[PDB]
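Undergrad: So I've got this experimental structure, pasted below with the sequence.
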Amino acid sequence: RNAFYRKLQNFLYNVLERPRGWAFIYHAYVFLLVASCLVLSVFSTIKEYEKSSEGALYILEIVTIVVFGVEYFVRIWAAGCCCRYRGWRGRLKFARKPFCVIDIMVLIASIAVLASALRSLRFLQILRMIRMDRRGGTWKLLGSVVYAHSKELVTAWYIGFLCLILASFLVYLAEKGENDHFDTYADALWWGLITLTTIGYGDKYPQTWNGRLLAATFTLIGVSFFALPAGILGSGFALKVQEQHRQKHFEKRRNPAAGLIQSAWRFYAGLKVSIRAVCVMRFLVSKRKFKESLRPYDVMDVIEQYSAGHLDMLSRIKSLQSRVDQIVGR
Amino acid sequence: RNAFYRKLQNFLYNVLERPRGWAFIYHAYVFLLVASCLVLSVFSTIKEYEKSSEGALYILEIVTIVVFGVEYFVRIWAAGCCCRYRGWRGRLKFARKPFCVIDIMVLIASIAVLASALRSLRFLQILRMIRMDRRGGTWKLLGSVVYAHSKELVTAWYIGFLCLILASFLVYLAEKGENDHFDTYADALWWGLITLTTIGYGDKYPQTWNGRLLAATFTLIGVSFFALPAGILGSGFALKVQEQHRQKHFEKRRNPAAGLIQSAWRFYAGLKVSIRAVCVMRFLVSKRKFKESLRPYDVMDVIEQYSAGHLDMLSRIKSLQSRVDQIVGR
Amino acid sequence: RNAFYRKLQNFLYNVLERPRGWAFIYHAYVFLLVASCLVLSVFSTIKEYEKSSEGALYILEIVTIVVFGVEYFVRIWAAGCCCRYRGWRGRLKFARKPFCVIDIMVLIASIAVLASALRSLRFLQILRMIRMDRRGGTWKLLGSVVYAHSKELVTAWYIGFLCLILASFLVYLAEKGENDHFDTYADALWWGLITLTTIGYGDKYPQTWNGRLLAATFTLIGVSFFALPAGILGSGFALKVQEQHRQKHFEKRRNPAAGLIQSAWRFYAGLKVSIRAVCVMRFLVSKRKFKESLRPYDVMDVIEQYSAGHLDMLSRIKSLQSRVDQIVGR
Amino acid sequence: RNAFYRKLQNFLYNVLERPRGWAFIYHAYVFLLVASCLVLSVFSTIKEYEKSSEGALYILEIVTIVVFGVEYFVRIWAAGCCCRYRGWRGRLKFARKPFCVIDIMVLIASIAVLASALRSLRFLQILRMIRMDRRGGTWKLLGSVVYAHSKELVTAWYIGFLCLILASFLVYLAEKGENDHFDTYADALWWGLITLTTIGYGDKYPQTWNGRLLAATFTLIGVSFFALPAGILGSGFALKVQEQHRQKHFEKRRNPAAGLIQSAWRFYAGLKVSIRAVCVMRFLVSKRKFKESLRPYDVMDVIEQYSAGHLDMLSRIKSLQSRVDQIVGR
Amino acid sequence: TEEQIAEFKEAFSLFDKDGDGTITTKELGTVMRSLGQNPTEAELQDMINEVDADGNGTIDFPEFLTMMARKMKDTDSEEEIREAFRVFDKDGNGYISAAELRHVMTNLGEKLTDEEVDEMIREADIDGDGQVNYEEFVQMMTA
Amino acid sequence: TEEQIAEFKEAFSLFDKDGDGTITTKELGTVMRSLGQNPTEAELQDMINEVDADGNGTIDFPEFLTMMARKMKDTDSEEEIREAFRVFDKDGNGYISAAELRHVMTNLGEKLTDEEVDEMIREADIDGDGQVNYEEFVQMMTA
Amino acid sequence: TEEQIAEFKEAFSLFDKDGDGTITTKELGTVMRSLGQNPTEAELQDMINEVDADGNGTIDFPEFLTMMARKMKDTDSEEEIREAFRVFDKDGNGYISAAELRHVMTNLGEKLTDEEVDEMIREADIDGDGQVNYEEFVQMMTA
Amino acid sequence: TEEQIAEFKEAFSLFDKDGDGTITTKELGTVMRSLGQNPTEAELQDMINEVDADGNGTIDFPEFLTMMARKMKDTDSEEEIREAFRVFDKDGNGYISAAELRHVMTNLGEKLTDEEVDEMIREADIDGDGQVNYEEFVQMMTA
Ligand SMILES: C=C(C)[C@@H]1CCC(C)=C[C@H]1c1c(O)cc(CCCCC)cc1O
Ligand SMILES: C=C(C)[C@@H]1CCC(C)=C[C@H]1c1c(O)cc(CCCCC)cc1O
Ligand SMILES: C=C(C)[C@@H]1CCC(C)=C[C@H]1c1c(O)cc(CCCCC)cc1O
Ligand SMILES: C=C(C)[C@@H]1CCC(C)=C[C@H]1c1c(O)cc(CCCCC)cc1O
């Protein structure tokens, strides 16, 4: 029964590899498992709780390595869906994926350590958490948004840094004598960074009233300039979400794809040479239209569309105008 | 006089159940009442103020249970407006609503306790505060916005968590020896969480200068990554508000609704069988147009509308073109 | 020379009353003056600096009352530009304006006190600062934006308050015994408010590790929910700024105003009665078009405009179609 | 070989002067260099690290002055690309640029000091960091965005300041007696500023329960009003980024520029005088169209474009209508 | 039954002018125009999309039998008509006044004639109280 | 009064060509075209919407009597004309120059003739000072 | 080779009706119309832009030789067709069902006849398993 | 001078066909069509707006004298042409290649003929180095 086995295997591949819907819940469970490890490992660092922490962590490590091994095997078995990952060579290539090799490495490391490696344990927990991304999607999205607002982020950083050094230096001048907090300029810089960030430990704070006046005037600005990057990036992320949401509606990649496939086949499928020419030119046209359907993929295209029709309108009426001109002579 | 009684009852139903305008003020008053309870209950936990706090809270509990009972009765009386809540069975079903049963339960609990239950008192205050939502609207809106930005929130969380663990571990290494604050890694994690969140209690802070350097470099990033979720959700909420504000203007649900009602009635109302066919097909068309007026309900439809006319324009000129073609032969 | 005096007086009225451009600088100067008073008054509260603070504040109060009196007189003299404020009665009505009466009251109060009233001085400084708004514009704008996002702000508040009470209660349970910070539930509530707000004084913080675990898990959410209102309001203000910026370009209030004035005059200016009818109906039309140019004043009107033309084009071709139909018979 | 030398020189000019792509990396390196100096200078302020800090800083200053001198020379040699900076006079004018004169001044100052000037060293490090902007772009962008939201920022500031003074005064009244933190009103103002900003040092905090109640109620609002400016500016920056991103696509400055150049040349190039008139009027038209392509440069122009065509369509059909009218008589 | 199936086939043939067992847009448009109502291209395409449960753009007798086999009970049209009426009901309580119904319903959508409004009133204003409730009307609609 | 009511009925009949007591868009459009001014479909629909205070799209004599019974005092047009003029007034103080009025007012909206501008000047530039104030003009407008 | 170059020149002359060595939009449009397929102005301009590697809007024989000198190996069309098919593949695993292909491909883009679908099936459904894999098909497409 | 003023008046009369001392859109359009080049309504309105420095939509001889009295020195067209060329200059350094100039300039805007491009090269490519600098060209333009 290859049909049912293939169906079950494709379901397992969907739930394990990039999922879409309820499959996330399963991953969430796995996350919790590994998450628990983290917490337990932290508790294993406390002398008071070392005994019980490690006692529970041994069982939990057995559980997690068993789960990860079973998941790895089920994954390399459900990889048969992908054409690239078919047969011995295909599945070996699948296991060649960086996250798969990392998974097997962490598995054999956990097996070895179970049968001092606390630092290794923490690092492997970190790695099995990182694998969840599996694509760099978080890093790629953050980098895209940061690059989009690079100038605004840099101006915020530059102005905030100038404010930090200026305010810290002025408060240092106002407090170098009558406050043991600001012994040196490094202490004042630490204070300024810890306040403009609004962390405000309280280890250092101005006490002389001129110092407090300067600190007030400069914090009122520095706190805003230090909070600016968070607001800028948040607004950028939200605007990008809205843009993607409105872009995913028209879905104008279907007809260009069909035209491209037809043109590619036909181009593969004196006068004969001219026909083959026309066909390869049309193939280049298919490539061009597909590409122009890839990159812009935005609402501005709609405006462009209108413009086209706009010109079309003009052209059309010209013909109509020409027609009525003939009616003048008839 | 059923007319005036019905009018007064519908006004009371509007003010009690989902209100629109000035009725909110009344609810605000009620909120304040229950709010007062909360504060008083908190004051009742202080040994110093226990006497006076409880003395005032007894009278205030009498007042609030009286108000809630009167409101509950006025509500089950003004529920007669809704057709579902008419007569004995209708009103019994109305009382079956989860918030109504919760209301009567809290009422009888307050009556019983009035005639140790401090924990019960606090929980019932919480419940009568929660009832104000009465639909989950707050939860539904928050969930919708969070789901919309799920990827951005998750990337912010993942990067912030990596920053937290990395910075805390590095500062722990820099401070494990020369600072009793960072005894273990758990202490360093607590510090990192309390600083990157910008809470900054001051119980733990780096003191070794390499530790302070690492803390500065990593806080400058971690604080932004920890503030990112607030900015993302705020921008999402504001953008959603703007979208809803611009969507609520065209109000294109009137004509489709009228067409749907007409078609449904007509479909309810050899050649006769073909006519009834045509009618049921038109009923399916009415269902489809109503649904397509429900889901999209967005500005993009306008573009679609233009596109329709766009194609329409083509078609019409073609006919015009055809016409002039005949004029060529005449 | 009434011409030059009128010109100078209108310039003074522009600089004093609602200004547009460089006049703000003058007001800024005045602001600084009153601002200085504030600071000096605060310094006058310190026993150490009381002597010098009051010594400088006496001269500064003389200066500020002189400036305010001169400004008040120049204002009631430059008020002659406004038609309403012309002549004895017009200028008396001008002085009847709430900010003008407040100005004269603060002036005579300063004169009297100069010739214990420290609280009076502080309040009058506050009042002369408040007068700068003179319209409630700040309050009106804030209220508009808050009302626009009322549901989002309320859901953020409700969820944040639930998080606050829940986290406070749980940490209180975890710390009621082994931490003198959380003596009662009021102490725990104070802690929760001071941390979820990210103020984090450090007076109270969890110490038991289960308490710290709960505090971490609940702060990671509560801080975001408490920062949500700031992000929501900031995004709302920015979006409103963008909307106003794009709305102020078309400026479609000119032609409707001209039509309204023409129609109003004409309506003021058997068959005669029918003509006067036509005219009053056209006056109602002018009122309607002016109102419809007032309220919407948005980009959506453009869509509506297109729709109009859309239908228009339909209608137009119909006539054209009819025309060609005649050509069929000719 | 002037061709290859010119190519290399233009590449060097691109990498040094305003760069576009990978050249930023080089500047980043330079930034790091100067950045290192900052840190080292700070370390040179610590008595403990003064020896090693200054020892490393001497070599690092040699390195940085060598790098800056080499960069300055390579820059004044690669400036030959710009026509203005050609030959002796052109290059002398280039060196006249404020950042170039500042660069040579800092170079000769570093050379002199190397062969007490610690304050000079810090100031020169600051200046060579500031030079990176080289245009005021950060300041100009920040000023533009602040001016755009001037009213919203000012209302946030005004409401936050009223909240600050009110809350501080009320907490001072509640705590003037039973808390040594709030000795005077200045102490209460410092507390209010340090809490509403969410810095929360912990040096001053309310302790009386009425004081804590007032502090809670007023902080719940003041923290939001103090965080408002950051959110407003962040949203403004993000919206401006989105606007610029969508504006940079159409790039409608090509054809107007070509028309302007053609018209300018032609205008430079009884009936002859009338022809020259027509030409100068067309030159004014070219100036006008270029200017109108400069300022708006926004999506609203698209709407305007439609309107034009809108009217055009009207006009066109009128002509068509006129035509068919003739067909009535023929 | 046999009679019902025969009548349904007769109706389909009335629609299927060609007689090839595949109804297209042209035949439905022409027959329904002969009935009196003029359609639109989008209207015919929407009918085709709603009735084409096969995947070829044309329909056969089995599809029409499955369609007409549908009954008022299982259309699941309850919630849809409810939300439509709530949109109609300005108050939102769930009652529609007679005057508002007369003004709105007959002057929007598929316009109806005087006999139509009379029959709506007859089968809806059972109590003759003006404020016609629709929940009972739609419950009997389903039945 | 009796004379006023009779004249109003005569005017309505002039509008009501049919004589059925219900004025429609066609009759108003035709009569107003016969007057000389050509309307638009949107303009006629706007008149119908503004004058239809019954709910059937047509008007009867009582509505016209109530309309014409309106006086300059109760139109509440003060604030509207004020804001319109402030939009006109570039300075914003509340005075309009004679040259600006002549250039703008006659070259926008419902265009006016030379006699029209002359009569505006006569009844507005009472002082002949150029800077025509409008608050007095609108106060006498109301009266 | 000599034969290939001669045939390419013959084809270009077939395109180059004028005989001046510069093909323009008109000649390509007219000749391709003679072939049967009607183009559009945008389509002709797109061909000109894609084939004009000189910078004057017209083409000469060397450009056509460099074009047809291209080989299926270096078209670099692999990733493009892959992404196109992933857009086609609803599942996203990399397999297309025969029924879905028959319904979609022949009813979109450059429509194809029955012989065309038959030849796609012949050269794609090598195993006759329905779920046609395309990676092998595109690899042999390149070769 | 007297000769210049007489020639300017002759040119204005050539424009002012009517002879009433007020040039309107119709006269300018007709005369400049007789010159050969066809305008647009927006183009004529733009000329009117740019040349109407009075406020009535028509022009008189004094305005034309003030216009033509303008010299190349005071047009203040420097920065505008500079920014235009920077938009033209892809590199942004301030030099334009001869090939790019030939390809772009003659194929955009107000199209120019071969003699036109030749004279641009003559009066711009003074050094004949290809990479024509424009700052000198515009400085001599102003003079
Ligand atoms: C990746 C993020 C989130 C940005 C972009 C990259 C940089 C170097 C830091 C972030 C950031 C801050 O975290 C804080 C500031 C305020 C100035 C700090 C003074 C040194 C600016 C600033 O851009
Ligand atoms: C419901 C909100 C508001 C989001 C979404 C759900 C989650 C788990 C938390 C919120 C949130 C943080 O409150 C803080 C961060 C920063 C990283 C913290 C490191 C553990 C991310 C982060 O998504
Ligand atoms: C006028 C502003 C800025 C809003 C709206 C009005 C209200 C009552 C407070 C502000 C506000 C907070 O300042 C803080 C929260 C977080 C919850 C606090 C828990 C009690 C919500 C919250 O809406
Ligand atoms: C340049 C920025 C970022 C703005 C605009 C200019 C001003 C004076 C300060 C910033 C700012 C705050 O930094 C803080 C507040 C809150 C009120 C503080 C009470 C004195 C408002 C406020 O506009």
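TA: That came through fine. Residues are numbered from 1 along each chain as shown, chains lettered A, B, ... in the order given. Ligands and ions are numbered 1, 2, ... in the order given.
Undergrad: residues near the nearest residue to residue A:269 once chain neighbours are set aside, how many?
TA: Leaving out its chain neighbours, the residue that sits closest to residue A:269 by CB to CB, 6 or more residues apart in numbering or on different chains is residue G:119, at 7.2 Å. Placement of C-beta: from N, CA and C, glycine included. Residue G:119 has 14 neighbouring residues, counting by other CB atoms under 10 Å in any protein chain shown.
Undergrad: how much space between residue G:119 and residue G:113?
TA: 10 Å (CB to CB, to the nearest Å).
Undergrad: Would you pull up the residue in the stretch 151-300 of chain A closest to chain G?
TA: Going by CB to the nearest CB, chain G is nearest to residue A:258 of the stretch 151-300 of chain A, at 3.0 Å.
Undergrad: what comes up buried for stretch A:91-108?
TA: A:91, A:93-95, A:99-100, A:102-103, A:106-107 (16 or more other CB atoms under 10 Å in any protein chain shown).
Undergrad: ok so, going back, hang on, the residue of the stretch 151-300 of chain A closest to chain G is in a strand, isn't it?
TA: No: per DSSP: H, G, I helix; E, B strand; the rest coil, residue A:258 lies outside any strand segment and is helix.
Undergrad: quick one: contacts for it?
TA: G:104-105, G:108-110 (CB atoms under 8 Å, 6 or more residues apart in numbering or on different chains).
Undergrad: repeat that with 10 Å
TA: Applying CB atoms under 10 Å, 6 or more residues apart in numbering or on different chains to residue A:258 gives the contacts A:286, G:84, G:87-88, G:104-112.
Undergrad: measure it to residue A:280 for me?
TA: 19 Å.
Undergrad: Report the distance from the helix ranked longest in chain E to the chain centre.
TA: Using DSSP state H to define each element, chain E has its longest helix at helix E:2-15. Relative to its chain's centre, helix E:2-15 lies at 19 Å (CA atoms, centre = their mean, to the nearest Å).
Undergrad: same thing with stretch E:70-86?
TA: The mean C-alpha position of stretch E:70-86 is separated from the chain mean by 11 Å, CA atoms, centre = their mean.
Undergrad: can you check stretch E:26-35 too?
TA: With CA atoms, centre = their mean, you get 17 Å for stretch E:26-35.
Undergrad: go on, stretch A:162-180?
TA: 40 Å.
Undergrad: picking up where we left off before, mark which of the contacts of residue A:258 are buried, thanks.
TA: Burial by neighbour count, judged by 16+ other CB under 10 Å, picks out A:286, G:84, G:87-88, G:104-106, G:108-110, G:112 from the contacts of residue A:258.
Undergrad: Verify the stated contact: residue A:140 with residue B:155.
TA: Yes: assessed by CB atoms under 10 Å, residue A:140 is found in contact with residue B:155 at 9.1 Å.
Undergrad: Tell me which of the two has more neighbours.
TA: Using other CB under 10 Å as the criterion, residue A:140 and residue B:155 rank with residue B:155 on top: 23 against 12.
Undergrad: What distance do you get for the more buried one to chain D?
TA: 17 Å (CB to the nearest CB, to the nearest Å).
Undergrad: Provide a list of residues in contact with that residue.
TA: A:133, A:137-142, A:145, A:237, B:149, B:225, B:228, B:232.
Undergrad: swap in residue A:1?
TA: Here residue A:1 is in contact with residue A:7 (CB under 10 Å, 6+ apart).
Undergrad: Pull up the overlap in contacts between residue A:140 and residue B:155.
TA: residue A:133.
Undergrad: okay, now residue 136: neighbour count?
TA: Picking chain A for this. By other CB under 10 Å, neighbour count at residue A:136 equals 10.
Undergrad: hmm, I had chain E in mind actually
TA: Neighbour tally, residue E:136, other CB under 10 Å: 13.
Undergrad: so which strand or helix has it?
TA: helix E:135-142 (DSSP states H and E).
Undergrad: just checking, what packs against that helix?
TA: helix B:254-268, helix E:78-88, helix E:114-124 (3 or more CB pairs under 10 Å, 6 or more residues apart in numbering or on different chains; DSSP states H and E).
Undergrad: Deepest in the core, which of those is it.
TA: helix B:254-268 (a mean of 21; mean count of other CB atoms under 10 Å in any protein chain shown).
Undergrad: On the C-terminal side of that one, identify the next helix or strand.
TA: helix B:271-294.
Undergrad: roughly how far is that following helix from the heart of the chain?
TA: With CA atoms, centre = their mean, you get 36 Å for helix B:271-294.
Undergrad: buried set for the next helix or strand after that helix?
TA: For helix B:271-294, the succeeding helix or strand toward the C-terminus, using DSSP H and E, is helix B:300-329. Neighbour-count burial for helix B:300-329, counted by 16+ other CB under 10 Å, picks out B:302-303, B:306, B:309-310, B:312-313, B:316-317, B:320, B:323-324, B:327.
Undergrad: ok, and the closest non-adjacent residue to residue 57?
TA: With no chain named, the answer covers chain A. In space, and not counting its chain neighbours, residue A:57 is closest to residue A:40: 4.4 Å by CB to CB, 6+ apart.
Undergrad: actually it's chain E I care about, not the one you picked
TA: Counting by CB to CB, 6+ apart, the residue nearest residue E:57 is residue E:48, at 6.2 Å.
Undergrad: got it, and residue A:67?
TA: residue A:33 (6.5 Å).
Undergrad: wait, that neighbour sits on residue A:68?
TA: Yes: checked against CB under 10 Å, the pair residue A:33 and residue A:68 is within contact range at 9.0 Å.
Undergrad: shared neighbours of these two, which are they?
TA: Joint contacts of residue A:33 and residue A:68 (CB under 10 Å, 6+ apart) are residue A:128.
Undergrad: With neighbour numbers in mind, choose between those two.
TA: residue A:68 (20 against 15).
Undergrad: How many neighbouring residues does the closest residue to chain H within the stretch 151-300 of chain A have?
TA: In the stretch 151-300 of chain A, the residue that lies nearest chain H is residue A:151 (18.0 Å; CB to the nearest CB). Using other CB under 10 Å, residue A:151 has 15 neighbouring residues.
Undergrad: In chain A, what residue comes closest to ligand 4?
TA: For chain A and ligand 4, the shortest gap (CB to the nearest ligand atom) falls at residue A:224, measuring 3.8 Å.
Undergrad: which residues does that residue contact?
TA: A:156, A:159-160, A:163, A:196, A:231, D:153, D:156, D:197, D:226-234.
Undergrad: Among those, name the buried ones.
TA: A:156, A:159-160, A:163, A:196, A:231, D:153, D:156, D:197, D:226-234.
Undergrad: sorry, back to before: please report the distance of the residue nearest to residue A:269 from chain B.
TA: Taking CB to the nearest CB, one finds residue G:119 at 33 Å from chain B.
Undergrad: Give the closest residue to residue 63 in space, chain neighbours not counted.
TA: Since no chain was named, I'll use chain A. Counting by CB to CB, 6+ apart, residue A:33 is the residue found nearest to residue A:63 once chain neighbours are left out, at 7.3 Å.
Undergrad: try again with chain E
TA: Nearest one to residue E:63, counting by CB to CB, 6+ apart, is residue E:53 at 5.8 Å.
Undergrad: Which neighbouring elements make contact with the helix or strand harbouring residue E:100?
TA: According to DSSP H and E, residue E:100 maps onto helix E:98-105. In terms of contacts (3+ CB pairs under 10 Å, 6+ apart), helix E:98-105 is packed against helix B:254-268, helix E:78-88, helix E:114-124, strand E:132-133.
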